[PDB]
């Protein structure tokens, strides 16, 4: 809808060049795409992600326009996040789906994403390895040879992400400044 | 001064749990802290100290629409206080404040100092209660006239499209609506979005948010800090420039000497102030602004040595054992990790004595009024330690 | 615990001075007894964390010395208006105390009340400062002029010499932080060699009987206070009071071992409780339910520091609010401690004026804990 | 009869920041990463594939914007070009 569309001529001339280098698409009429949105806003001892509903609405509308059917889960702990991931991997609609999206949005550290009851005394963490391990071929064979996009909005740490250095500063002319001896 | 010594006896005799009772700082300046008179204070980047009040030398009737003030109430003879003098506490009630707030509105085209103060991010308070005298007495040379003020109580006020008073001393609210730019929020922790944990967290977060400074920018800041430590007006002008770039933003004008040599580590090539790097420097400069002269002189003369970790750990022990901060407690101290001389002339003894703290037995009998000095003395000692690893 | 008793305390709350301990007048009809130079007696305080309320001797101080005059009250100190009434705090200065002590000496043949008070080991205080009024106001309630609303006391000690303590030193006798309380009760709890199996429960059940009949508690405490400083023969009593009294002496009347003084300590710990509070506590005696309650109060006093700020306490990890707010000690005992608290966490929120009550309510729970183990 | 498939393949992760660094979110606007990704997908999905859209998102984050952050493509095991083909 609000996403610029690929015309049939454009899509067919794209499909011509790298036909085997491109994942195949199940025709829209009978295909049933799926997607998952997990988002944590309220926490026990971690501040609340004010503005998360905006992202939920936007990503839901995007995955709708992309031909996927979104299922949103909100305010889960580590175990409940894992269990909803299991349930999503067990959805029989993946058997007739050509792809899927997994969008996780919460706080986080390097080890992983934060659960609802996360705390430095009682941590609630979902590791980077865990999602890949649960959505793989051995646990979700319904998506074998199918793209699985995982979008993660979280902090991978507590650092600023930037670094500051000094950066100040051959025509034969004269110096234009005044006030030298300062 | 001697008048500061006679004032504290009177304030201690009838000290009230009604609120924080500020003793007047100078005997000649006491005429300025009258009811309805104004005080300004620069921004307090901490909850464990606040910088000293600087006097504005103005009433309050000259910021509103009509120029009148109204009256002072509560002629309350506090009886004699011993060496035989009767004093009087004079109040202004919330009733009169509300009636005057609904009566006279804000003077909208006020650009003289109010605009000059919101350009500095300063907070503003009004003397809402005072303790003055009735008799003109002589002490044995010092003579004290009638009506002279020995102590006072303040109340903040905030401005904007509306002006109002805070009788409940809320430690959080600013007086002017600052540069509410990108109201972004991290997806991490940032510790809050407590007591003594807030102080360590304050100083740690402050030192951490300037870890993104190249080792040589950091060391330039540190070495030039020790240079401008001997120039208190340079410290104040630096604090003012930083508060201008922080609470208001905009272009910050260069400074000369080591003050500008520090400032070069905060401004970009355009001329604007990096908030996430200028705010810790302002925090530290304000932390030293409340320190005593001798303390910060000896602290500067201690920079070129690694002997701050010693001082920092000792002050950490002091504030660690000084809990609770409501009771006049006592603290022991190791004289083995130092074992140099640990006398009174010892550097750490002078650092703690001008810090409001009076060999084997706990020498320091911790006083509530000695929280703000010590709380600051620790903080500074930590930030300067964090500049160089 | 009436509503009218609160306005005097509201008045005194505004200008509270760190000059000393300010006792609000206990009864407005009794205020004539809390006069300057007037005398108050209190039984011995076997603890530093609480003391029982002052009972009045109904005497000035000019009637125990050689001439009967008193002398004067000074410092007409208008405290200004406060719902708009100006009150006055009246003082007597240490100079007058010293001059009156050097002028009039001890009444050598004084055996009337001095002897009656040294026989109990009670401490004696004189009202050395006062807070009274000037205006007569009406709200239907009418409030007179000159009535006394608050006071400040100073102990005195006697013997071959008589003198005053204006600095209220809690250690000195008149006649010969949470861990400190734990240490007190630990010293208190240690002796259990004289309990076989039934003496403990006799003490407990007859306490729960005399907890519902407080004059028996008071007479028991009085007999113990007499037996402590003096010893001698103690007569038995009838009913549950005597059913307890029979449980302490093995010999005739000279019980020296430091074990009856802790029982007096505990009786004083209960003596400061409110009537209804200890009524429900008595109906709560017969159960083993102390570890929960005592540990709960311990966590409360553990997290409630500092005791100068109007602080708050939420709950130990498992609060068990499956009985909260019916009549359970945590709601009623803490509200009768002057503290308005709620069911949903943070449950415990109070003011410093509840230090002495709670500290006492805890104390009993520990001694009663040692009786039943 | 048995056949074998790769245990892990055709995955791709997109994190809002580099390791050890924070990510930023506006209370009214939302998370910067989510917004930038939604914009880049609404625009480039008609012509570009999922792999290139993420590099374009990163290039949008190239210049530090005060609260800068660099999204990372992590552990991508894609073997072909994944075009979403919007409209089909």
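Among the helices (runs of 4 or more DSSP H) contained in region B:232-334, which hold 3 or more residues that are under 21 Å from the mean Cα position of the chain (by Cα) and more than 14 Å from chain C (Cβ to nearest Cβ)?
B:232-243, B:275-289, B:293-300, B:309-321
Residues in region D:59-69: is at least one in a helix (DSSP H, G or I) and either over 20 Å from residue A:49 (Cβ atoms) or touching a helix residue (DSSP H, G or I) at 6+ places or on another chain (Cβ under 8 Å) (or both)?
Within region D:59-69, one or more residues are in a helix (DSSP H, G or I) and either over 20 Å from residue A:49 (Cβ atoms) or touching a helix residue (DSSP H, G or I) at 6+ places or on another chain (Cβ under 8 Å) (or both).
Any idea which residue in region A:108-134 is nearest to residue A:154 (Cα to Cα), counting only those that are at the interface with chain D (Cβ under 10 Å from one of its Cβ atoms) and surrounded by fewer than 22 Cβ atoms within 10 Å (Cβ to Cβ)?
A:109
Looking at (1) touching a helix residue (DSSP H, G or I) at 6+ places or on another chain (Cβ under 6 Å); (2) crowded, with 18+ Cβ neighbours inside 10 Å, which one does residue D:73 not meet, given that it meets all the others?
(2)
Does residue C:20 satisfy the criteria of being surrounded by fewer than 15 Cβ atoms within 10 Å (Cβ to Cβ) and under 27 Å from the mean Cα position of the chain (by Cα)?
For residue C:20, the condition - surrounded by fewer than 15 Cβ atoms within 10 Å (Cβ to Cβ) and under 27 Å from the mean Cα position of the chain (by Cα) - is met.
Looking at region A:162-182, can you tell me whether even one residue there is under 26 Å from residue D:41 (Cα atoms) and facing chain D (nearest Cβ under 10 Å)?
no
Sort out which residues of region B:149-188 are assigned to a loop (DSSP other than H, G, I, E, B), over 20 Å from the mean Cα position of the chain (by Cα), surrounded by 17 or more Cβ atoms within 10 Å (Cβ to Cβ) and more than 14 Å from chain A (Cβ to nearest Cβ), and write them in order of number.
B:159, B:163
Which one is surrounded by the most Cβ atoms within 10 Å (Cβ to Cβ), of the residues in region B:85-98 that are more than 10 Å from every other protein chain (Cβ to nearest Cβ) and more than 23 Å from residue B:163 (Cα to Cα)?
Only one residue fits best here, namely B:87.
For region A:140-159, what are the residues that are more than 7 Å from chain D (Cβ to nearest Cβ) and assigned to a loop (DSSP other than H, G, I, E, B)?
A:140
Within region C:99-120, count every residue that is surrounded by 12 or more Cβ atoms within 10 Å (Cβ to Cβ) and part of a helix (DSSP H, G or I).
Result for region C:99-120: 8.
Among the listed residues A:169, A:162, which satisfies the condition of being surrounded by fewer than 20 Cβ atoms within 10 Å (Cβ to Cβ) and under 29 Å from residue D:25 (Cα atoms)?
Answer to the selection: A:162.
For region B:133-145, indicate whether the set of residues that are surrounded by 13 or more Cβ atoms within 10 Å (Cβ to Cβ), assigned by CATH to the domain that holds residue B:14 and in contact with a helix residue (DSSP H, G or I) (Cβ under 7 Å, 6 or more places away or on another chain) is non-empty.
Scanning region B:133-145 turns up at least one residue that is surrounded by 13 or more Cβ atoms within 10 Å (Cβ to Cβ), assigned by CATH to the domain that holds residue B:14 and in contact with a helix residue (DSSP H, G or I) (Cβ under 7 Å, 6 or more places away or on another chain).
Quick one: is residue B:123 in contact with a strand residue (DSSP E or B) (Cβ under 9 Å, 6 or more places away or on another chain) and crowded, with 19+ Cβ neighbours inside 10 Å?
Yes, satisfied.
Tell me, which residue of region D:26-37 that is assigned to a helix (DSSP H, G or I) and surrounded by fewer than 19 Cβ atoms within 10 Å (Cβ to Cβ) is nearest to the other protein chains (Cβ to nearest Cβ)?
Per the stated criteria, the residue is D:35.
Out of everything in region A:12-36 that is more than 11 Å from every other protein chain (Cβ to nearest Cβ) and closer than 22 Å to residue A:101 by Cβ, what residue ends up being surrounded by the fewest Cβ atoms within 10 Å (Cβ to Cβ)?
A:30
All of this is worked out from the model, or read from it or from the source named; no laboratory read-out is quoted. A quick note on method: Cβ atoms are made from the backbone with ideal geometry, for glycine too, and the neighbour counts reach across all protein chains shown.
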